[PDB]
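Colleague: Encoded as structure tokens, here's the structure I'll be asking about.
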Amino acid sequence: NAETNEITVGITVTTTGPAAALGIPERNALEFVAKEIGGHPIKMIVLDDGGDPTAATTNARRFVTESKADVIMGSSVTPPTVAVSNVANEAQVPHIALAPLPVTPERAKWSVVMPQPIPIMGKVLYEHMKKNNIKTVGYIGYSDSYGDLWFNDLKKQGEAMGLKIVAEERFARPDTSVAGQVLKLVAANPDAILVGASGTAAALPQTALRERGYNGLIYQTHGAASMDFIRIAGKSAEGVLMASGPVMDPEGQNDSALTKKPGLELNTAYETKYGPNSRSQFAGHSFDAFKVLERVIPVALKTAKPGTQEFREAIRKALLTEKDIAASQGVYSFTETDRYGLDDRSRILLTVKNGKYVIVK
Ligand SMILES: O=C(O)C(=O)Cc1ccc(O)cc1
């Protein structure tokens, strides 16, 4: 509980296994965040969790008892993120989630969330469906809490907008085949299919549906928004509709948009190192986590020094009072009950034409 010069940020991300497509750009983006805030050096401890809730628990606990982190960030996908948020809330350490999660009362005090809440992304997808004469919808998503969040949104927001769910299928993150589920979707013959998945796994139902002769519209979530989806899906990605944060298109934003400068900053640096169109949803989240810390840390430093519980508490209170935090993915304002803090400025709609993401206006 004693004072340190450095600010210690423990980061657990998924750089191996099925979800490496999400964690790798999150870790890469750390090369472009602030190295010092308010005079204090940032010390980052970056760990791999392989996407596994047990490993992510182990890492978050290390951050509490060994590293004595001031802030914890992660994970890259929903199940390990639930695990990190549980640890951070029990231990009373500020936590920035890099994947969506169900923020229950038990998780709300110490966690805020960078990715867009599912219903914000669902709204744009369902409004495109309605505009395009889609009535019946089939669903295929993970058999875990991320897949549940999306299907829940489809049932609640989707149906309230006139849509009819005619089929629900699930698969597991490591599965290499979705043959059985795809055969059921083709048999139900919905007007459109929504896929609830992420990274390279989102390309699995994409290719499988096209291969089995489904020609209807396919809709993807913001978990699929990087170059990896197109690389794996290939031709089967053409004409896909996909929710995404504004970081995929800073060039297209108004000069006035608060998200423009941060998006241009991150993408200029990221894509200079990693090549044209290497921008991703996921790189946006870890970069934005540091945009938030640039705002809240100098405030916290007014009442306490790094390495103390008083500092963690001052960070938590600053997240409530520092408003309109400009970032690459949106403009953040959190409250005691709103831990995502985002509005209409945090979403766009993409499609794919000739292997490139294209904005849908
Ligand atoms: O796979 C999961 O459970 C995820 O949560 C993936 C994900 C990661 C980042 C996003 O901005 C949206 C979705």
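Chains: A, B, ... in order of the structure tokens. Residues: from 1 per chain. Ligands: from 1, in order shown.
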Could you give me the residues within 6 Å of ligand 1, counting only C-alpha atoms and all ligand atoms, as a ChimeraX atom specification?
Modeller: /A:76-78,99-100,115,146,197-198,222-223,281-282
Colleague: Using the selection just defined, write its residues with C-alpha atoms as a compact mmCIF listing (two decimals), in the first residue's frame.
Modeller:
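Resulting contents of result_25.txt:
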```
# COMPACT_ATOMS: atom_id res chain seq x y z
CA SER A 76 -9.81 -9.41 -25.33
CA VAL A 77 -12.96 -11.49 -25.28
CA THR A 78 -15.98 -11.62 -23.00
CA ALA A 99 -14.20 -6.65 -24.48
CA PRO A 100 -17.96 -6.21 -23.94
CA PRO A 115 -16.15 -1.61 -26.54
CA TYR A 146 -21.03 -12.93 -25.76
CA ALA A 197 -18.87 -14.11 -32.92
CA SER A 198 -15.52 -12.34 -33.30
CA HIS A 222 -18.24 -5.34 -33.98
CA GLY A 223 -16.20 -8.33 -32.74
CA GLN A 281 -11.67 -2.12 -33.79
CA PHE A 282 -9.38 -3.79 -31.25
```
Colleague: Taking the DSSP assignment computed from this structure's backbone, write out as a ChimeraX atom specification all residues of stretch 60-157 of chain A that belong to alpha helix (DSSP H).
Modeller: /A:60-65,78-91,105-108,118-131,145-153
Colleague: Any idea what's packed within 9 Å of residue A:309, counting only C-alpha atoms, ignoring anything in its chain fewer than 3 positions away? Could you give it as an mmCIF file with C-alpha atoms, in the first residue's frame?
Modeller:
```
data_model
loop_
_atom_site.group_PDB
_atom_site.id
_atom_site.type_symbol
_atom_site.label_atom_id
_atom_site.label_comp_id
_atom_site.auth_asym_id
_atom_site.auth_seq_id
_atom_site.Cartn_x
_atom_site.Cartn_y
_atom_site.Cartn_z
ATOM 1 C CA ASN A 1 0.000 0.000 0.000
ATOM 2 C CA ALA A 2 3.021 2.397 -0.156
ATOM 3 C CA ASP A 70 -2.999 1.071 -9.944
ATOM 4 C CA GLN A 92 -11.077 -2.675 -5.375
ATOM 5 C CA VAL A 93 -8.841 -1.842 -8.344
ATOM 6 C CA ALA A 304 -3.144 10.796 -3.892
ATOM 7 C CA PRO A 306 0.507 6.108 -7.221
ATOM 8 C CA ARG A 312 -7.181 3.755 -6.854
ATOM 9 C CA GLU A 313 -10.201 5.387 -5.179
ATOM 10 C CA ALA A 314 -9.296 8.824 -6.682
#
```
Colleague: Any idea what's packed within 9 Å of residue A:74, counting only C-alpha atoms, ignoring anything in its chain fewer than 6 positions away? Could you give it as a ChimeraX atom specification?
Modeller: /A:10-14,56,80-81,84-85,95-99,286
Colleague: May I have the selected residues written with N, CA and C atoms, as a compact mmCIF listing (two decimals), in the first residue's frame?
Modeller:
```txt
# COMPACT_ATOMS: atom_id res chain seq x y z
N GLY A 10 -1.54 -3.20 -15.07
CA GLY A 10 -1.56 -4.60 -15.46
C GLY A 10 -2.53 -4.83 -16.62
N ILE A 11 -2.04 -5.48 -17.67
CA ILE A 11 -2.82 -5.75 -18.89
C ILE A 11 -2.80 -7.21 -19.21
N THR A 12 -3.99 -7.79 -19.26
CA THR A 12 -4.14 -9.17 -19.72
C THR A 12 -4.95 -9.22 -21.03
N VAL A 13 -4.32 -9.74 -22.08
CA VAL A 13 -4.93 -9.77 -23.39
C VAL A 13 -4.69 -11.14 -24.01
N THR A 14 -5.41 -11.43 -25.08
CA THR A 14 -5.34 -12.74 -25.68
C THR A 14 -4.44 -12.70 -26.92
N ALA A 56 -6.89 -15.68 -17.08
CA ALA A 56 -7.16 -14.28 -16.89
C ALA A 56 -7.38 -13.99 -15.40
N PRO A 80 -13.03 -14.25 -20.38
CA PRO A 80 -11.98 -13.79 -19.48
C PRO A 80 -12.17 -12.37 -18.93
N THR A 81 -12.86 -11.50 -19.68
CA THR A 81 -13.14 -10.13 -19.19
C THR A 81 -14.08 -10.17 -17.96
N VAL A 84 -11.81 -10.98 -15.12
CA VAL A 84 -10.95 -9.88 -14.66
C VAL A 84 -11.78 -8.86 -13.84
N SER A 85 -12.97 -8.52 -14.35
CA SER A 85 -13.85 -7.58 -13.68
C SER A 85 -14.22 -8.14 -12.28
N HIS A 95 -10.68 -0.95 -13.29
CA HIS A 95 -10.57 -1.92 -14.37
C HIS A 95 -11.16 -1.36 -15.65
N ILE A 96 -10.38 -1.34 -16.73
CA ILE A 96 -10.88 -0.96 -18.05
C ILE A 96 -11.01 -2.20 -18.91
N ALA A 97 -12.25 -2.60 -19.19
CA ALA A 97 -12.54 -3.78 -19.99
C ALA A 97 -12.22 -3.54 -21.47
N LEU A 98 -11.54 -4.49 -22.11
CA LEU A 98 -11.28 -4.33 -23.56
C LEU A 98 -12.22 -5.20 -24.43
N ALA A 99 -13.18 -5.86 -23.80
CA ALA A 99 -14.20 -6.65 -24.48
C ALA A 99 -15.53 -6.29 -23.84
N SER A 286 -7.52 -0.50 -26.90
CA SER A 286 -6.44 -0.33 -25.95
C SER A 286 -5.87 1.07 -25.98
```
Colleague: Tell me which protein, DNA and RNA residues are within 9 Å of residue A:116, counting only C-alpha atoms, leaving out same-chain ones fewer than 6 positions away, and put them as a ChimeraX atom specification.
Modeller: /A:99-100,222,244-245,329-330,340-343,346-347
Colleague: Could you save those same residues with C-alpha atoms as an mmCIF file, in the first residue's frame?
Modeller:
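File produced: result.cif:
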```cif
data_model
loop_
_atom_site.group_PDB
_atom_site.id
_atom_site.type_symbol
_atom_site.label_atom_id
_atom_site.label_comp_id
_atom_site.auth_asym_id
_atom_site.auth_seq_id
_atom_site.Cartn_x
_atom_site.Cartn_y
_atom_site.Cartn_z
ATOM 1 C CA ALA A 99 -14.202 -6.646 -24.477
ATOM 2 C CA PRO A 100 -17.964 -6.207 -23.937
ATOM 3 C CA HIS A 222 -18.242 -5.342 -33.979
ATOM 4 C CA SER A 244 -18.119 -1.104 -36.025
ATOM 5 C CA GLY A 245 -16.615 1.847 -34.094
ATOM 6 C CA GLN A 329 -13.961 4.827 -30.796
ATOM 7 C CA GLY A 330 -16.327 7.360 -29.265
ATOM 8 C CA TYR A 340 -19.999 2.045 -21.055
ATOM 9 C CA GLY A 341 -20.686 5.782 -21.333
ATOM 10 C CA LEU A 342 -21.139 5.917 -25.116
ATOM 11 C CA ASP A 343 -23.643 7.432 -27.565
ATOM 12 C CA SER A 346 -19.410 5.518 -31.238
ATOM 13 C CA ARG A 347 -20.845 3.579 -34.215
#
```
Colleague: Output as a PyMOL selection string all residues of stretch 42-256 of chain A that backbone DSSP marks as strand (DSSP E or B).
Modeller: chain A and resi 42-48+71-74+95-97+111-113+136-142+164-171+192-196+217-220+241-244
Colleague: Show which residues sit within 8 Å of residue A:212, as a PyMOL selection string. Count only C-alpha atoms, and ignore same-chain residues fewer than 4 positions away.
Modeller: chain A and resi 182-183+186+208
Colleague: Write out as a list in words the residues lying within 10 Å of residue A:159, counting only C-alpha atoms and excluding same-chain residues fewer than 4 positions away.
Modeller: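 Within the cut-off, the hits are residues 126, 135, 136, 137, 153, 154, 155, 163, 164 and 165 of chain A.
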Colleague: Could you save the residues just selected, with N, CA and C atoms, as a CSV table (one decimal), in the first residue's frame?
Modeller:
```
chain,number,residue,atom,x,y,z
A,126,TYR,N,-30.3,-3.7,-37.0
A,126,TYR,CA,-31.8,-3.9,-37.2
A,126,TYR,C,-32.4,-2.8,-38.0
A,135,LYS,N,-37.5,-9.6,-42.7
A,135,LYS,CA,-38.5,-9.8,-41.8
A,135,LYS,C,-38.1,-11.0,-40.9
A,136,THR,N,-37.8,-12.1,-41.5
A,136,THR,CA,-37.3,-13.3,-40.7
A,136,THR,C,-35.8,-13.3,-40.6
A,137,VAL,N,-35.3,-13.7,-39.4
A,137,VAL,CA,-33.8,-13.6,-39.1
A,137,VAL,C,-33.4,-14.9,-38.5
A,153,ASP,N,-30.2,-9.4,-27.4
A,153,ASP,CA,-30.5,-8.1,-28.1
A,153,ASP,C,-31.4,-8.3,-29.3
A,154,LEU,N,-31.1,-9.3,-30.1
A,154,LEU,CA,-31.9,-9.7,-31.2
A,154,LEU,C,-33.4,-10.0,-30.8
A,155,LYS,N,-33.5,-10.8,-29.8
A,155,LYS,CA,-34.9,-11.1,-29.3
A,155,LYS,C,-35.6,-9.8,-28.8
A,163,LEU,N,-38.9,-7.5,-36.7
A,163,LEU,CA,-38.2,-8.8,-37.1
A,163,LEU,C,-38.8,-10.0,-36.4
A,164,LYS,N,-38.6,-11.2,-37.0
A,164,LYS,CA,-39.1,-12.5,-36.5
A,164,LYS,C,-37.9,-13.4,-36.5
A,165,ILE,N,-37.5,-13.9,-35.3
A,165,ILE,CA,-36.4,-14.9,-35.3
A,165,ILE,C,-36.9,-16.2,-35.7
```
Colleague: Please compute the atom CA of residue A:151-atom CA of residue A:79 distance, one decimal, in Å.
Modeller: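 Value for the atom CA of residue A:151-atom CA of residue A:79 distance: 16.1 Å.
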Colleague: Which residue gives the smallest distance to residue A:354 among A:298, A:284, A:38, A:234, with only C-alpha atoms counted?
Modeller: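 Of the candidates, the smallest distance to residue A:354 is held by A:234.
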Colleague: Please determine, counting only C-alpha atoms, which residue among A:246, A:307, A:147, A:25 has the shortest atom-to-atom distance to residue A:194.
Modeller: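 Looking at the shortest contact to residue A:194, the residue is A:147.
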